[PDB]
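Note: hydrogens, waters and symmetry copies are ignored here, and every other heavy atom, side chains too, is used. Chain naming here is simple, since letters A, B, ... match the order of the sequence lines and numbering starts at 1 in each.
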Amino acid sequence: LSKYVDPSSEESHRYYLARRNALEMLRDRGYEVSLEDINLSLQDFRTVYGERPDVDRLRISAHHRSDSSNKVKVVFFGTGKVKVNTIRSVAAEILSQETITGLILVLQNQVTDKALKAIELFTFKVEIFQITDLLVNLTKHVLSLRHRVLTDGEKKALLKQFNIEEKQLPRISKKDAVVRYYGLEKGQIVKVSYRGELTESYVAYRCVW
Amino acid sequence: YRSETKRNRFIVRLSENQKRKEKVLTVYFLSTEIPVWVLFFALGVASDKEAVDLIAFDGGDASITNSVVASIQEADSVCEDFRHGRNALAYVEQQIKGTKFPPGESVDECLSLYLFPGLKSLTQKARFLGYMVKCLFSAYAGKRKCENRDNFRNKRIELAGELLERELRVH
Amino acid sequence: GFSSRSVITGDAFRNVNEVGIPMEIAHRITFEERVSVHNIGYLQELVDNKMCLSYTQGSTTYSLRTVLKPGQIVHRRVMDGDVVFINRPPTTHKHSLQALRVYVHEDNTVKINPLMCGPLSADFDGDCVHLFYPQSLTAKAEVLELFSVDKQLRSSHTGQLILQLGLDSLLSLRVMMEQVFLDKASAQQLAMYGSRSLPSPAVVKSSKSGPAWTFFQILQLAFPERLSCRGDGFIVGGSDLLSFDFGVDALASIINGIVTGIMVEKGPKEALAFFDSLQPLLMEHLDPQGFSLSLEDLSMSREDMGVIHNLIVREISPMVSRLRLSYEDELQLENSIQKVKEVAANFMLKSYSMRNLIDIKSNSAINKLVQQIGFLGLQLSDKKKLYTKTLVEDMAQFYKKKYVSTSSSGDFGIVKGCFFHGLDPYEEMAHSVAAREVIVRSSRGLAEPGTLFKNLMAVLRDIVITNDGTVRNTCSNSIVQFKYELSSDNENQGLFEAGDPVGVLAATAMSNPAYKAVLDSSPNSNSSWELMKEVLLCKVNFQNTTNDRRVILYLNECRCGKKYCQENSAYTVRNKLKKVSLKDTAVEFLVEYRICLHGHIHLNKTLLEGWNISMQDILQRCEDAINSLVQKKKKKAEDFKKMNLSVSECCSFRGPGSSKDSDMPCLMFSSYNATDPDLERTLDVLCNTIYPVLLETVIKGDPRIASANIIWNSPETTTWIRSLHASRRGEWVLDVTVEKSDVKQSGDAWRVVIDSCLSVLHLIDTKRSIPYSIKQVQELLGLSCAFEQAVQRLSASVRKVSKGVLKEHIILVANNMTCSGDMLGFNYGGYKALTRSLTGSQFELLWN
Amino acid sequence: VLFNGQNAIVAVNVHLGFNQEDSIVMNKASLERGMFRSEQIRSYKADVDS
Amino acid sequence: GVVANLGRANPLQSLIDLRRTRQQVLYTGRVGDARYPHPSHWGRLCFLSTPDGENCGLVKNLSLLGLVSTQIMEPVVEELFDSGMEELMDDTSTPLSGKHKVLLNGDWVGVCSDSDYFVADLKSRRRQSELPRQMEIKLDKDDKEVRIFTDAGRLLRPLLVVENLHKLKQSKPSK
DNA sequence: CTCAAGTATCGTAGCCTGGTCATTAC
DNA sequence: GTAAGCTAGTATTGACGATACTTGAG
RNA sequence: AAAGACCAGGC
Ligand SMILES: [Mg+2]
Ligand SMILES: [Zn+2]
């Protein structure tokens with residue numbers, strides 16, 4: 001290994017890392033997904049799906065841990081430049097399937113400004129990602145910190161103390177890394193406790209805005 | 001080349017006036033872009049071999065040969081057989097005369113007045129143009145350095161006579 | 001009311017909070033008083049002695065230059081005991097407003113205590129101050145209550161004291177420490193200056209001499225009564241200095257501990273009384289001894305100078321002709337010349353006068369003495385200097401020209417001589433270039449601190465600690481922070497209180513080290529100001545500069561636990577990444593006639609083998625790229641219709657010049673769609689379209705990585721961009737830089753380094769590698785990670801220039817930057833962004 | 001006339017803390033005997049029409 | 001920045017106000033190496049004394065033995081033939097390889113075959129007062145060129161000539 | 001039928017206090 | 001009325017950010 | 001009056 005290079009296909013390895021990243025983000029978000037559907041090798045991935053894998057034979061993912069009616073899917077894509085008629089037809093068959101509460105669209109090379117408004121009208125809440133953003137797990141990095149979201153009652157009890165109206169708080173934008181990694185809506189309030197030799201024993205509270 | 005008169009400025013440029021053209025030679029004389037091969041045959045040279053003798057390439061250097069054959073076959077793409085008698089001279093007549101504020105002169109008196117003052121014959125002006133092009137090609141290949149204006153061998157110092165002359169000419 | 005400008009001089013024998021005012025100033029400035037009960041007789045005495053200048057009863061200003069009834073305004077002249085406030089004209093003097101008590105003299109200057117030079121950052125070489133004179137009574141109360149010296153004793157930028165024992169006082173303490181005992185006459189003469197009583201002698205009787213005190217009993221003569229405190233190197237008990245440990249490396253810190261003991265438990269003014277009794281005692285101790293320096297102090301021996309010159313001509317000069325030809329990352333020069341400078345300092349601190357007149361642990365002040373006694377060191381280089389490289393080449397050629405006596409006997413950028421023995425004319429010119437560059441950088445370069453302070457005050461002006469304790473903006477009434485300190489609450493008071501303008505304090509604590517760094521303009525203080533600007537001046541719009549494309553890649557640890565296997569993985573990934581193209585191997589392009597015209601790209605045989613490339617590789621890596629470029633962006637690229645390629649190890653066509661005769665490797669190409677009736681247009685298409693696009697084809701490595709070099713890191717900064725991994729210190733890293741043509745929007749360089757690292761990615765430490773710029777960390781890891789990294793970088797840069805800045809101002813700066821939602825800068829691009837996105841009135845008195 | 005000043009005898013020594021921060025201490029009797037004694041002439045000008 | 005006031009605080013301020021030189025620039029604050037000493041200042045401009053404000057390095061001071069040349073009014077081109085210079089013929093057909101070009105104030109006036117005899121004979125005729133004293137002769141081996149300057153504005157300085165230096169012994173040491 | 005972009009320009013680039021002068025008549 | 005004879009007519013030390021235009025192509 | 005232009009001292 002000290003000087004080894006893997007003489008295999010890279011695109012199967014890219015779909016492997018991106019699919020385990022999707023599974024990881026669902027498991028750390030909280031939904032029940034199968035163990036070791038995360039924890040599997042690259043080699044047995046290459047045995048089960050090949051070296052040049054097809055995308056519609058993906059992992060149709062599972063539902064909520066404690067709730068039952070909250071279920072979700074993933075949709076992978078092809079390489080070339082995309083047009084939104086594909087997304088509307090696949091959304092028609094998605095809503096025809098059984099029932100969901102959303103899905104993750106992992107795109108490949110481009111999203112369209114015609115696309116985001118033409119997926120905005122659908123009857124659930126879906127996400128759009130990028131295939132090259134999903135390689136390294138950002139919550140496995142050393143510099144990452146915990147973002148424990150507090151309940152609506154704890155939000156009320158914090159707004160009790162300082163007599164404030166939620167737009168005088170410090171903010172965190174919704175097009176942020178950890179905000180889309182946990183799939184947070186506007187108006188939730190998250191806290192973070194800092195470790196680090198100038199900011200130890202220091203906590204912060206931000207409102208998604 | 002600069003001088004006293006503002007009508008004496010003479011520039012030879014090595015550039016692309018445009019795929020992927022070879023770099024060619026251009027003359028900016030009397031606010032008029034002229035190919036340098038036309039000016040060579042206008043000053044009185046007879047052959048391309050003696051024109052590249054006037055430049056004196058010192059051999060080799062295929063970029064120099066590429067630039068001179070591109071400038072030849074670009075000279076031939078502007079005037080139809082400029083090498084025949086007074087064709088290039090008529091070309092620089094109609095190229096000088098069409099400018100903004102043309103000079104009150106024919107081209108022969110224009111050459112004897114505003115082209116390289118201090119030289120006698122047009123033969124010597126062709127030789128000086130070949131020396132100028134040799135200097136440019138030698139700087140191109142990295143054998144010559146560009147002038148920097150911080151080296152004081154490129155500077156003159158003006159005191160009371162030089163300033164008082166300039167002030168007195170205005171009034 | 002009134003103002004006054006005057007030249008300052010010093011006076012060590014009056015009190016710290018006293019200012020001496022010239023009589024010409026004092027007899028023309030007035031103070032106004034409202035005459036009423038408890039001051040009829042006292043003001044009547046003054047008007048009888050013609051010390052009141054003017055008067056007004058009602059409104060009609062009748063002059064006196066009249067008896068007193070209660071209710072009019074007397075304007076008397078300045079006398080002893082009044083309060084003025086002092087300010088040097090605040091060019092950088094942002095917090096120097098001090099309140100002082102007035103005495104009058106006959107000279108022309110303004111006299112202040114020498115302990116007040118560092119709170120004002122003034123010296124006695126021509127400086128002038130402005131004195132202001134408060135007229136209203138509520139203004140007198142505000143000046144006396146906020147800006148007095150005992151009120152302002154503990155600093156608000158750092159946690160330290162604004163009053164430190166300096167030049168002559170510390171030297172007096174050092175010479176009082178190297179001899180320990182004092183006889184009776186000088187001890188009683190010193191005891192005349194103490195506020196306490198002289199103790200019994202520590203030594204009552206020896207058989208040799210008489211009684212003798214120690215200097216601890218002299219130093220204790222300034223304490224207050226019944227003091228008992230404790231610190232690091234001292235024990236004080238019962239107002240007696242019981243213990244004080246040895247040192248000269250500790251002495252100033254022990255004095256600072258004694259003063260903070262007194263000002264933690266002693267009074268309302270007792271630390272000032274301590275200084276007011278200590279300083280004249282130390283002057284009167286040093287005065288019957290004197291202190292000087294001779295030529296012997298400045299003359300290094302012949303042996304030590306021979307060792308210095310031998311270490312230079314052995315180590316420094318053969319290296320400097322190697323690693324200066326490389327690029328900027330090799331500052332090994334500075335470490336090695338610092339080792340030789342350490343040797344020189346160890347030599348020169350054998351003279352007793354020189355070690356008492358400097359701070360030994362300081363390094364900016366110890367390089368200046370090495371330049372005088374020994375060599376000057378490096379004076380010319382072509383890295384981040386304000387002059388160009390043509391000047392450096394001209395100076396190297398001039399070095400060849402002038403030392404015609406055995407040229408290249410050393411380097412041209414190293415000066416070997418000293419100031420004490422004199423420079424050559426060449427060494428003088430080389431030193432004069434470096435001095436001129438420092439002077440220009442210090443004078444012209446004072447506009448970026450000037451801009452930074454304006455944009456810092458424009459955003460940080462209205463951030464106040466409120467009455468409930470939350471640090472809030474006041475124009476928008478939004479929470480910037482929930483607590484300013486970490487132990488402040490309504491049971492425990494602290495250094496900061498409600499109503500404090502903490503934003504202005506943060507802005508000034510940020511602007512001070514910037515101005516200090518530029519006014520010094522050392523290489524270290526230049527690099528620190530660079531590191532500070534790279535945090536404080538970020539841009540919310542993507543500018544895709546050089547730092548935006550840089551990525552640091554880390555590695556794993558211990559292949560099979562064998563020695564020398566981590567560098568092998570480093571070059572494995574380097575050999576996978578690094579870009580070398582076909583034109584890096586091409587030498588000539590030879591068009592042949594045998595359809596008819598056939599091009600021969602000729603190669604070099606050796607660099608194919610030194611990089612392990614074969615020719616079928618080059619055929620593949622040309623063919624895939626040319627078929628992609630005829631597939632991508634299909635217009636004006638129909639020259640590759642049926643163009644042909646071919647490969648051979650040997651062709652030997654060998655056109656007229658520079659033959660290799662055999663195995664000159666050749667990539668033949670041709671065309672077949674150009675069925676032309678002329679050769680002259682075929683030569684145009686094969687020499688002006690195809691041959692350009694066939695040169696920039698890359699053969700080994702990835703086409704998007706512009707560079708990927710290996711740095712050993714290990715800068716004894718211990719993982720400068722890591723926070724908690726291990727106690728390891730010697731990792732080797734790759735600093736990948738992507739080409740400009742690939743990064744389009746922000747965050748792309750990480751995306752194209754990870755995707756191009758994909759077949760070798762089992763070797764890279766995925767959980768540790770990060771980008772280089774702080775906005776790219778914000779794009780990759782999020783806003784909280786960017787906040788913590790901005791604190792961690794700003795702290796290092798500010799600690800390199802000026803030591804001990806409090807963490808509260810840095811945390812407030814990083815909170816105010818990232819309060820809008822995304823990290824913004826202190827420039828116009830950040831200011832208009834937030835502007836688009838978006839004490840007084842604190843209490844009220846009334847009767848009861 | 002290339003040199004404008006005096007030859008003063010200088011000692012390098014501390015003087016009760018009165019020469020700190022680049023101050024100097026001078027001699028009273030050397031000043032009374034005429035060292036560094038200076039004359040100064042100022043001109044005040046005015047014009048009218050004739 | 002052309003005409004200044006004369007200062008009379010002491011005679012030295014008046015002396016150094018008359019010996020200054022200036023490089024005027026457009027926006028003061030973004031120049032190249034104009035503010036720095038160049039090695040071609042040696043002996044003619046002081047590299048130690050300069051202002052420190054905005055005019056740092058842009059205003060120079062003359063050295064002590066520095067002289068500014070003036071224009072030579074006599075014709076000099078016809079006395080160049082006596083040292084081994086030949087004419088520039090008019091045929092544009094003859095090649096001139098090996099010969100060095102001579103340039104008088106930038107104007108090409110002739111060629112010379114041996115250049116290490118032409119220059120050494122011109123310099124010997126200048127040291128005997130039949131050529132003007134302010135005439136600059138530069139031999140250029142790489143460009144194959146001999147440049148001669150006789151115009152105004154050049155900075156000169158005196159130097160000892162070593163090979164003529166033995167002519168003091170036989171003279172008399174009167175001042 | 002619009003983003004980006006490749007130019008095409010605009011405009012500020014050290015800043016503040018002192019003292020001074022010399023200020024087109026037509 | 002001065003426009004700064006007509007004056008050049010690009011034909012000589014600045015150099016970046018910041019805003020505004022004429023391409024191809026989904 | 002107001003601006004230009006210069007010089008000096010700091011930052
Ligand atoms: Mg000072
Ligand atoms: Zn070949």
Searching all strands shown, indicate the nucleotide that pairs with [N] (Watson-Crick or G-U wobble; both distances under 3.5 Å).
N: G:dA20; result: F:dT7
N: G:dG1; result: none
N: F:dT12; result: G:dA15
N: G:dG26; result: F:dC1
N: G:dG9; result: none

For [X], answer base if it contacts any base atom (sugar-phosphate contacts may also be present), sugar-phosphate if it contacts only those atoms, and nothing otherwise; contact means non-hydrogen atoms under 4.0 Å.
X: C:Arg88; result: sugar-phosphate
X: E:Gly29; result: nothing
X: C:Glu448; result: nothing
X: C:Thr451; result: nothing
X: E:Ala4; result: nothing

Rounded [atom1] spacing from [N] to [M] in Å:
N: F:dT12; M: G:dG14; atom1: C1'; result: 12 Å
N: H:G10; M: F:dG14; atom1: P; result: 22 Å
N: G:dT12; M: F:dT17; atom1: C1'; result: 37 Å
N: G:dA8; M: F:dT24; atom1: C1'; result: 26 Å
N: G:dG17; M: F:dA13; atom1: P; result: 14 Å
N: F:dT20; M: H:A1; atom1: P; result: 13 Å

What is the distance from [atom1] of [X] to [atom2] of [N], rounded to the nearest Å?
X: C:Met457; N: F:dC15; atom1: CE; atom2: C1'; value: 17 Å
X: C:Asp127; N: F:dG18; atom1: CG; atom2: P; value: 15 Å
X: C:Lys635; N: G:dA25; atom1: NZ; atom2: P; value: 10 Å
X: B:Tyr28; N: G:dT12; atom1: OH; atom2: P; value: 10 Å
X: C:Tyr515; N: F:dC15; atom1: OH; atom2: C1'; value: 8 Å
X: A:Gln110; N: F:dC3; atom1: CD; atom2: P; value: 12 Å
X: E:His38; N: G:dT13; atom1: NE2; atom2: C1'; value: 16 Å
X: B:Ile11; N: G:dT10; atom1: CD1; atom2: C1'; value: 9 Å

- Electrostatic pair C:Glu530:C:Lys384 at N-O distance under 4.0 angstrom: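 Not counted as a salt bridge, because no side-chain N and carboxylate O are separated by less than 4.0 Å.
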Kindly point out which of [options] is positioned nearest to the side chain of [X]?
X: E:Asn55; options: H:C7, G:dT10, H:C11; value: H:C7
X: B:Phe101; options: H:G10, G:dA11, G:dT7; value: G:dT7
X: C:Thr92; options: H:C7, G:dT13, H:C11; value: H:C11
X: B:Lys6; options: G:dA11, H:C11, G:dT13; value: G:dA11
X: E:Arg30; options: H:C11, G:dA8, G:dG14; value: G:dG14
X: E:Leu26; options: G:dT12, H:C7, G:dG14; value: G:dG14
X: C:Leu446; options: G:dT12, G:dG9, F:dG14; value: F:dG14
X: C:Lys832; options: G:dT12, G:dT19, H:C11; value: G:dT19
X: C:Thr91; options: H:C11, H:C7, G:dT12; value: H:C11
X: E:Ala34; options: H:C11, G:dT10, G:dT13; value: G:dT13

Does [N] count as syn, meaning its glycosidic angle lies within 90° of 0, or as anti?
N: G:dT10; answer: anti
N: G:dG14; answer: anti
N: G:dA20; answer: anti
N: F:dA13; answer: syn
N: G:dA15; answer: anti

- Message: On the nucleotide G:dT12, are OP1 or OP2 found under 4.0 Å from the side-chain N or O atoms that B:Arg9 carries?
- Response: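 Yes.
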Report the pucker family of [N] (north if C1'-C2'-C3'-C4' is positive, south if negative).
N: F:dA13; result: north
N: G:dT22; result: south
N: F:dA22; result: south

Does any part of the side chain of [Y], heavy atoms only, come nearer than 4.5 Å to the side chain of [X], both counted from C-beta?
X: C:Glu534; Y: C:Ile774; result: no
X: E:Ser40; Y: B:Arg153; result: no
X: E:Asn61; Y: E:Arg19; result: no
X: E:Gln23; Y: E:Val31; result: no
X: C:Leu446; Y: C:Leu519; result: yes

- Message: Which is more 5' along RNA chain H, the nucleotide nearest E:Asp52 or the one nearest E:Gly1? Just name the residue.
- Response: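 Per heavy-atom nearest nucleotide, the more 5' residue is E:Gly1.
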- Query: Below 6.0 angstrom between ring centroids: does that apply to B:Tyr1 and B:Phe116?
  - Reply: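 When the ring centroids of B:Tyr1 and B:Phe116 are compared, they turn out to be within the sub-6.0 Å range.
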Should [N] and [M] be reported as a stacked step, that is, with six-membered ring centres less than 5.5 angstrom apart and planes less than 30° apart?
N: G:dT12; M: G:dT13; value: no
N: G:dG5; M: G:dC6; value: no
N: G:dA8; M: G:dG9; value: yes
N: F:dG19; M: F:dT20; value: yes
N: G:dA18; M: G:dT19; value: yes

- Message: Just by distance, no angles: are the side chains of C:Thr388 and C:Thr390 close enough, under 3.5 Å, to form a donor-acceptor pair?
- Response: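 Judged by distance alone, the side chains do pair up.
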- Query: Donor-acceptor pair under 3.5 Å: do we get one between E:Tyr27's side chain and the base of F:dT12?
  - Reply: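 It does not, because no donor-acceptor pair links the side chain of E:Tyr27 to the base of F:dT12 below 3.5 Å.
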- Item | Face-on cation placement of C:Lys94 at C:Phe453 ring, 6.0 Å and 45° thresholds |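 Checked: cation-pi criterion met.
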- Query: Quick one: is the NZ or CZ of B:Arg156 closer than 6.0 Å to the six-membered ring centre of E:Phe149, and within 45° of its axis?
  - Reply: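 Because its charged atom sits under 6.0 Å from the ring centre and within 45° of the axis, B:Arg156 does stack over E:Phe149.
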- On DNA chain F, check which nucleotide each of C:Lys744 and C:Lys454 is closest to and give me the residue with the more 5' one.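 Final value for this comparison: C:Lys744.
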